[PDB]
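Asker: Have a look at the structure that comes next, please.
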Amino acid sequence: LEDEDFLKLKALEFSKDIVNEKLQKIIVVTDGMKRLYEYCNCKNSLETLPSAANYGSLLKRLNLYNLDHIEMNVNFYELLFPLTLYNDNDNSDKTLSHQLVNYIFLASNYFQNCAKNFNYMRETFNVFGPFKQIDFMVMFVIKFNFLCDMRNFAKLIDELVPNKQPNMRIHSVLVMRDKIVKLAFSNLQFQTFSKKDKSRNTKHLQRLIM
Amino acid sequence: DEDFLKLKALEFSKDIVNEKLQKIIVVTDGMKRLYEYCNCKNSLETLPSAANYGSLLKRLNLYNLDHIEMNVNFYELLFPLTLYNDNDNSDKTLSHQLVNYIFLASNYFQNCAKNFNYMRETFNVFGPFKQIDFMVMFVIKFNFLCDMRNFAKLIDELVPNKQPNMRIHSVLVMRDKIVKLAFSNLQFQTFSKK
Amino acid sequence: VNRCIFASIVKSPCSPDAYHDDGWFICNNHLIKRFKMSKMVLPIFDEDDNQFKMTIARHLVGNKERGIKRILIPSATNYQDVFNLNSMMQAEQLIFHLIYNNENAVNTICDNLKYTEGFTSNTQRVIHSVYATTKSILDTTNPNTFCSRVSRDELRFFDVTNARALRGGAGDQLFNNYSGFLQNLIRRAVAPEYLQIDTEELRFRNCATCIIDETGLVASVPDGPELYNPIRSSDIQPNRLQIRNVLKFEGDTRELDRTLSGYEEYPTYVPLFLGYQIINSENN
Amino acid sequence: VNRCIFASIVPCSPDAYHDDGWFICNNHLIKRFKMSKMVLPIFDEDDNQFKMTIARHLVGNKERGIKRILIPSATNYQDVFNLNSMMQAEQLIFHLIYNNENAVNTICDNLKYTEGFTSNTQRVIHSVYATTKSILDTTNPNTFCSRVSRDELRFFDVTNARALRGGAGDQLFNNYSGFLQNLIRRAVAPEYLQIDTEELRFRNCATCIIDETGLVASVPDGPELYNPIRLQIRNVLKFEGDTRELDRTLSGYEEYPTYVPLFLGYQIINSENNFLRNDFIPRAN
Amino acid sequence: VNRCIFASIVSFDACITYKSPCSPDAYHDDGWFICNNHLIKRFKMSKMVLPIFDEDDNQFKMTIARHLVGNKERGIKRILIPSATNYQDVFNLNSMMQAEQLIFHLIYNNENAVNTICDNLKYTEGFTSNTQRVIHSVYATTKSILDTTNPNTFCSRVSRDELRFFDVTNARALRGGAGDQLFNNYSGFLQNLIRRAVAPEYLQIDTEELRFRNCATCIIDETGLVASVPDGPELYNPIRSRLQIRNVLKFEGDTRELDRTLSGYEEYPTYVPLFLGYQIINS
Ligand SMILES: [Zn+2]
Ligand SMILES: [Zn+2]
Ligand SMILES: [Zn+2]
């Protein structure tokens, strides 16, 4: 509540300094969104599953909002790969490789344990969140918490990094890890067992126009 | 041409919508001015009549919603129908056709992903300003969305069962897995600082 | 030992095949009798041994056949007309009536035989034993019931659309309504073009060969002219003269092949490809 | 007598000794184009016989692009024939075939630059050359009096045969060197044959689509069919060959060949049936 | 002498004779009263020992087991022990023989099932032979063990002479905690069984703490012991002993002489020992 003000600008500094996206394009740290985006205000932990006690007020906000809007897929390769295609000018490459790959596999194992343990998480949230949409809230919050800790990580690593030329040594295991994520979603049966009809049922397809 | 079965689907959806749970705010959605020019509703992607409306650049510039590297959850897109067939019981009244329709849609995604590797340039020939980099996936999704829009008219009065068909659900899983796998082949090749 | 239905029946010498393990309800001789086919196999495997050796069959439907003669196996509708069992033995008529569930005709036969002394004196044991045996053979499979004791649900599909027809497909209901051994024999006969492995999908031919009509299984091209069928003519009325026209070769120089004969050769028969198959990752 | 075109090598399998229009050993056909020399037998109701030449597809399923390519375009030839992996003789041969006179003369001077040529190995090398050269010379259909097809035409599309339509692929076939066209006509069995009085459809669908890039193996559509065959991975995927033995019956069942035959293009005979002039003349349309 | 409760199996009726008897270990004395045969047959573990120096050739040697479950099994397939809530549906006791069923009802204190069983016996020829007194002698054995266990053991160590925490050492392991207390719910017989099946992660002796593994292998469960990692993908189990897939992407290498060359070097066993809990011993 005392020192964010600098980073508020920092997240936008280099992006406003540059105008040169020519194929690959970023939402500028996505840095413009409603109170939900403004709520991510703490050094949460990426290492572990969320500290459910932290988020009760967030859940009570979410109760004002609908949640049948959420894709299951992480879009791991899709979103992350474009925002990594950049390097130093031929220096500290060891460093860059190390933090990049380590963060990569950290997110990998993070999602792997999320999928392996989603039941315990959603139930431990529901224990005090008896809300009818609590499962969608849990899924959303999982995504959003990951995204926010990622935004903080990005904010922190924000550096010159002008260089841009693919390293296929980096991009090789790209496919292996991303396809393991999608295989995790395949391993998610998504459990059609007589509960999702309580949803808006894909908004009845909105007159087949959405 | 007419709304026609649009109104019939509207009627059926009204018959299902006995509940509102309204006044909940939709922060997420900004679906400005959706338009439904998709009367060609073709099974296949080749139409220059789709590129006819390449002016989409203009509406993009006003409200972009660019979606890089777009990949689709076929499972989630098709799941809702899984419970609806059982307004009646004890027949494949439509499922006999739904299964093969699912096969066809999956095979479509198997093949158009291959054909994309050259069809981009045909669309640049349709319009040299292109920006096909995104519009190709745009149309790829949109045309099947139109297919679904008409397919719903082909099925009409179907209502949510509580009992799932394990066979159908397994079919959905086993097709969608490979469908998602197909996207793995998407790759980029030394564009430098683009 | 002999599993041929005609082996159950009571000259009509069976082929020796149906004496053997594979449990086909017909010897290969009587597979001629109305069915224009020979049973076949496809050695299939990974890169060693040979693992799966899936059965298939080739028909010998004549290229010049049309209509009924294009139908491979009549539907329960009009099978009686297609066959004209009146041309056949009462045993054969009974059997077909059983397979098609024409229990009404079964009743009519039993009514006829009841008052005959040849029925009571000798033939009743034949009729009843044969009947029981046949029905028991049906029940040996009948995967619709009985634990589905034979095989599984199998994850087979036949009704796959071609890419260009309407959103049609029907008459699997009829498929089911057919005595299940017919379904199982079709499973003997028809490879899918495609098989899902638990983790992989594999394709075996570029294009399908056969169609299912409400009238029956039909050997038809999906489009265009029928392929020429060189029916080998090695195997099968003289009461009345039988006529044919046939366009045939003429020419010399066949010795030219004397050298080429050493090369690899391609058998040219018409296997049946129709449908899809899968293997479950788990029987969830 | 041995007359594989790889007898030039300075070894071919025994089939090379047949004087037959393959003009290749199956050895070298495999080693460079991954196909196996075949004949299709054809029979009548009479049981009279005829035969057509074939060579089933053999290159692996999964690989893509140039890996699908069996024979590139002359425009793209080295992209397969990455000469610098390949022996000089091989390179020279292929250059000749593609009419690459530029490269021809380049190698011609390379002989001098190989200062070991002072040993006059050039005599042997060029004798082998001329030997080869002879073969192409004989293949040339353009030679004035060489005999040509009377009753016969071939096209590489149904419509191109049915109405003499200007197929661009057909044109590029024509633009190929005469030997290449010869080898194609030798190897390629049609989807269709018209006859002076009759027509025959061999399949409802072709095996492969071939394009300007070269001999393309690709299926027209859908997935490729199965094609069965140190710090590396044998990587074998293998299956439950449970051996629930059934050979006791199955030995009698006809075993379908597990192969990818060629059914490619539309042949026409539309004149007095006279085919059995059994000379491997260029026989051009 | 014979001690395996399953070696105590007997038939009330003349047909079956259970002719797959207990392993020799039934005659041995670990105080487990379980043939390793049955251990496999119903639980899928193999018992083992770790010797530990008493800083000397004097030693404390702790019995443990290894689970035998593969990487593919999930949920009920991975359950090793149930709750009394769910032993029935976990086991399909009806498929098990009536002596097995009644013995499990003894384990779960299901007096209702015991009563129904006796009420069924009232008319049985086993009741005519009064063979139920076989069950009552099994009860005598049990009650002796129980007066040696439930009053004793943990309760005795409420004297503070000893304590084991089954709680996960890592506080981040949110799935831990309350299960360590739920431990209290089970029959002390079972509690003894599990605690002597499972190695601690640490031992306190006031000389020094000892740490036996980096990170706990096992986890407490909501109904009964399950073969599961605390977190992450399951570690591979080389269990080493229908047309299904058999694919294994072997490395290409053909060399074999290297193996004969390397027989001289530690052939590291790959079993899954059970590490869980905090151990405290006085002195
Ligand atoms: Zn027979
Ligand atoms: Zn050769
Ligand atoms: Zn025992």
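Quick reminder, even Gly has a Cβ in these numbers, built from the backbone with ideal geometry, and neighbours come from all protein chains shown. Read the figures in this text as sums done on the coordinates, not as results from a lab.
Asker: Whether any residue in segment C:46-60 is part of a loop (DSSP other than H, G, I, E, B) and either among the β-branched types (V, I, T) or away from chain D (no Cβ under 14 Å) (or both) is what I want to check. Don't jump to the end; show me each part of the working.
Answerer: Step one: of segment C:46-60, the residues part of a loop (DSSP other than H, G, I, E, B) are C:46-53, C:60.
Checking the rest, the ones that are also either among the β-branched types (V, I, T) or away from chain D (no Cβ under 14 Å) (or both) come to none.
Checked segment C:46-60: no residue is part of a loop (DSSP other than H, G, I, E, B) and either among the β-branched types (V, I, T) or away from chain D (no Cβ under 14 Å) (or both).
Asker: Right, something else. Go through segment A:163-178 and count every residue that is within 8 Å of another protein chain (Cβ to nearest Cβ) and surrounded by 17 or more Cβ atoms within 10 Å (Cβ to Cβ).
Answerer: Qualifying residue count for the region: 2.
Asker: Taking segment D:97-114 as the region of interest, how many residues are assigned to a helix (DSSP H, G or I) and either touching a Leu at 6+ places or on another chain (Cβ under 7 Å) or of a type in the set (V, I, T) (or both)? Step through it out loud before you land on a result.
Answerer: Going through segment D:97-114, the residues assigned to a helix (DSSP H, G or I) turn out to be D:97, D:101-113.
When the remaining residues are screened for being either touching a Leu at 6+ places or on another chain (Cβ under 7 Å) or of a type in the set (V, I, T) (or both), the result is D:97, D:104, D:106-107.
Summing the residues that are assigned to a helix (DSSP H, G or I) and either touching a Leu at 6+ places or on another chain (Cβ under 7 Å) or of a type in the set (V, I, T) (or both) in segment D:97-114 gives 4.
Asker: Specify the residue that is nearest to ligand 1 (Cβ to nearest atom); the eligible residues are those in segment E:19-60 that are within 13 Å of the chain's Cα centre (by Cα) and basic (K, R).
Answerer: Selected residue: E:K41.
Asker: Among the residues of segment A:63-81, count how many are more than 9 Å from chain B (Cβ to nearest Cβ), among the aliphatic types (A, V, I, L, M) and assigned to a helix (DSSP H, G or I).
Answerer: So in segment A:63-81, the residues more than 9 Å from chain B (Cβ to nearest Cβ) come out as A:68, A:74, A:76, A:80.
From what is left, the residues that are among the aliphatic types (A, V, I, L, M) are A:74, A:80.
Adding the requirement that they be assigned to a helix (DSSP H, G or I) leaves A:80.
The number of residues fulfilling the criteria is 1.
Asker: Still on this structure, I have one more. Restricting attention to segment D:4-26, and to residues there that are of a type outside the set (S, T, Y) and surrounded by fewer than 17 Cβ atoms within 10 Å (Cβ to Cβ), which single residue is farthest from ligand 3 (Cβ to nearest atom)? Working first, answer last.
Answerer: Step one: list which residues in segment D:4-26 are of a type outside the set (S, T, Y), which gives D:4-7, D:9-12, D:14-16, D:18-26.
If we keep only those that are surrounded by fewer than 17 Cβ atoms within 10 Å (Cβ to Cβ) as well, we get D:9-11, D:14, D:19.
On the way: D:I9: 74, D:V10: 79, D:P11: 71, D:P14: 70, D:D19: 81 Å.
Only one residue tops the list, namely D:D19.
Asker: Which is in contact with a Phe, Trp or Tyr (Cβ under 8 Å, 6 or more places away or on another chain) and surrounded by fewer than 17 Cβ atoms within 10 Å (Cβ to Cβ), of D:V39, D:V59, D:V1, D:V104? First the steps, then the outcome.
Answerer: Numbers: D:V39 fails: surrounded by fewer than 17 Cβ atoms within 10 Å (Cβ to Cβ); D:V59 fails: in contact with a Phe, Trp or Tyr (Cβ under 8 Å, 6 or more places away or on another chain); D:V104 fails: in contact with a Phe, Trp or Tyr (Cβ under 8 Å, 6 or more places away or on another chain).
Checking each option against the conditions leaves just D:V1.
Asker: Turning to a different aspect of this structure: From A:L160, A:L156, A:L147, grab the single residue that is away from chain B (no Cβ under 11 Å), hydrophobic (A, V, I, L, M, F, W, C), under 30 Å from B:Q187 (Cβ atoms) and part of a loop (DSSP other than H, G, I, E, B). Before you say what the answer is, go through the steps one by one.
Answerer: Details: A:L156 fails: part of a loop (DSSP other than H, G, I, E, B); A:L147 fails: part of a loop (DSSP other than H, G, I, E, B).
Exactly one residue qualifies, and that residue is A:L160.
Asker: Same structure again: Output the residues belonging to segment B:36-62 that are farther than 30 Å from C:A165 by Cβ, more than 14 Å from chain A (Cβ to nearest Cβ) and of a type outside the set (G, A, S). Please lay out each step first, then the result.
Answerer: To start, the set of residues in segment B:36-62 that are farther than 30 Å from C:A165 by Cβ comprises B:54-62.
Now drop any that are not more than 14 Å from chain A (Cβ to nearest Cβ), which leaves B:54-59, B:62.
Scanning segment B:36-62 gives B:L56, B:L57, B:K58, B:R59, B:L62.
Asker: Counting only residues that are more than 10 Å from chain C (Cβ to nearest Cβ), touching an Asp or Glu at 6+ places or on another chain (Cβ under 8 Å) and farther than 16 Å from C:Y194 by Cβ, how many does segment B:82-106 have?
Answerer: Number satisfying all stated conditions: 2.
Asker: Another question, if that's okay. Under the condition of being in a helix (DSSP H, G or I) and away from every other protein chain (no Cβ under 14 Å), which residue from segment C:6-18 is farthest from ligand 1 (Cβ to nearest atom)? Outline the logic, then answer.
Answerer: As a first pass, look at segment C:6-18 and keep what is in a helix (DSSP H, G or I): C:6-8, C:16-18.
Filter again for away from every other protein chain (no Cβ under 14 Å), leaving C:6-8.
Working: C:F6: 4, C:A7: 5, C:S8: 9 Å.
Result: C:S8.
Asker: Filter the strands (runs of 3 or more DSSP E) completely within segment C:185-258 down to those with at least 1 residues that are more than 7 Å from every other protein chain (Cβ to nearest Cβ) and not hydroxyl-bearing (S, T, Y).
Answerer: Details: elements: C:194-196, C:201-203, C:211-213, C:216-218.
So the answer is C:194-196, C:211-213, C:216-218.
Asker: With (1) aliphatic (A, V, I, L, M); (2) touching a helix residue (DSSP H, G or I) at 6+ places or on another chain (Cβ under 7 Å); (3) at the interface with another protein chain (Cβ under 10 Å from one of its Cβ atoms); (4) assigned to a helix (DSSP H, G or I) as the list, and A:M210 as the residue in question, which single condition is left unmet?
Answerer: With respect to (1) aliphatic (A, V, I, L, M); (2) touching a helix residue (DSSP H, G or I) at 6+ places or on another chain (Cβ under 7 Å); (3) at the interface with another protein chain (Cβ under 10 Å from one of its Cβ atoms); (4) assigned to a helix (DSSP H, G or I), A:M210 is out only on (4).
Asker: So which residues in segment C:115-125 are surrounded by 13 or more Cβ atoms within 10 Å (Cβ to Cβ) and either outside any helix (DSSP H, G or I) or not polar (S, T, N, Q) (or both)?
Answerer: C:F119, the sole residue that qualifies.
Asker: Identify all residues within segment E:27-58 that are near ligand 3 (Cβ under 9 Å from one of its atoms) and in contact with a strand residue (DSSP E or B) (Cβ under 9 Å, 6 or more places away or on another chain); write none if there are none. It would help to see each step written out before you state the result.
Answerer: Quick first cut of segment E:27-58, residues near ligand 3 (Cβ under 9 Å from one of its atoms) only: E:33-39, E:41.
The answer is E:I34, E:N36, E:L39.
Asker: Of the residues B:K41, B:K58, B:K32, only one is basic (K, R) and within 30 Å of B:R167 (Cβ to Cβ); which?
Answerer: Values: B:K58 fails: within 30 Å of B:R167 (Cβ to Cβ); B:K32 fails: within 30 Å of B:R167 (Cβ to Cβ).
Selected residue: B:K41, the only one of B:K41, B:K58, B:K32 that is basic (K, R) and within 30 Å of B:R167 (Cβ to Cβ).
Asker: Shifting gears a bit: Given the conditions (1) within 23 Å of the chain's Cα centre (by Cα); (2) loosely packed, with under 13 Cβ neighbours inside 10 Å; (3) more than 17 Å from A:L79 (Cα to Cα), and given that A:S186 satisfies all but one, which numbered condition is not satisfied?
Answerer: (2)
Asker: Further, regarding this structure: What pairs come up if the first residue lies in segment E:24-40 and is more than 16 Å from ligand 2 (Cβ to nearest atom), the second is acidic (D, E) and assigned to a helix (DSSP H, G or I), and their beta carbons are under 7 Å apart, counting only those six or more places apart or on different chains?
Answerer: Note: pairs meeting the criteria are E:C35/E:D25; E:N36/E:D25.
Asker: Related question: Identify all residues within segment E:155-182 that are in a strand (DSSP E or B), surrounded by 16 or more Cβ atoms within 10 Å (Cβ to Cβ) and charged (D, E, K, R); write none if there are none.
Answerer: Selection gives E:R164 alone.
Asker: A further question on this structure: Tally up the residues in segment D:27-36 that are surrounded by 19 or more Cβ atoms within 10 Å (Cβ to Cβ) and either assigned to a strand (DSSP E or B) or among the hydroxyl-bearing types (S, T, Y) (or both), please.
Answerer: Number of matching residues: 1.
Asker: Collect the residues in segment D:136-145 that are polar (S, T, N, Q), surrounded by fewer than 17 Cβ atoms within 10 Å (Cβ to Cβ) and under 21 Å from D:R3 (Cα atoms), keeping them in residue-number order.
Answerer: Going residue by residue through segment D:136-145, those that are polar (S, T, N, Q) are D:138-140, D:142-143.
Now restrict to residues that are surrounded by fewer than 17 Cβ atoms within 10 Å (Cβ to Cβ): D:138, D:140, D:142-143.
If the condition is that a residue be polar (S, T, N, Q), surrounded by fewer than 17 Cβ atoms within 10 Å (Cβ to Cβ) and under 21 Å from D:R3 (Cα atoms), then D:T138, D:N140 are the ones that fit.
Asker: Here's another thing I want to ask about it. Regarding D:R185, is this residue of a type in the set (K, R), buried (at least 16 other Cβ atoms within 10 Å of the Cβ) and out of contact with any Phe, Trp or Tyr (no Cβ under 8 Å at 6 or more places or on another chain)?
Answerer: On the way: of a type in the set (K, R): yes; buried (at least 16 other Cβ atoms within 10 Å of the Cβ): yes; out of contact with any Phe, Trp or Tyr (no Cβ under 8 Å at 6 or more places or on another chain): yes.
Spelling it out, D:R185 is indeed of a type in the set (K, R), buried (at least 16 other Cβ atoms within 10 Å of the Cβ) and out of contact with any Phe, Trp or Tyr (no Cβ under 8 Å at 6 or more places or on another chain).
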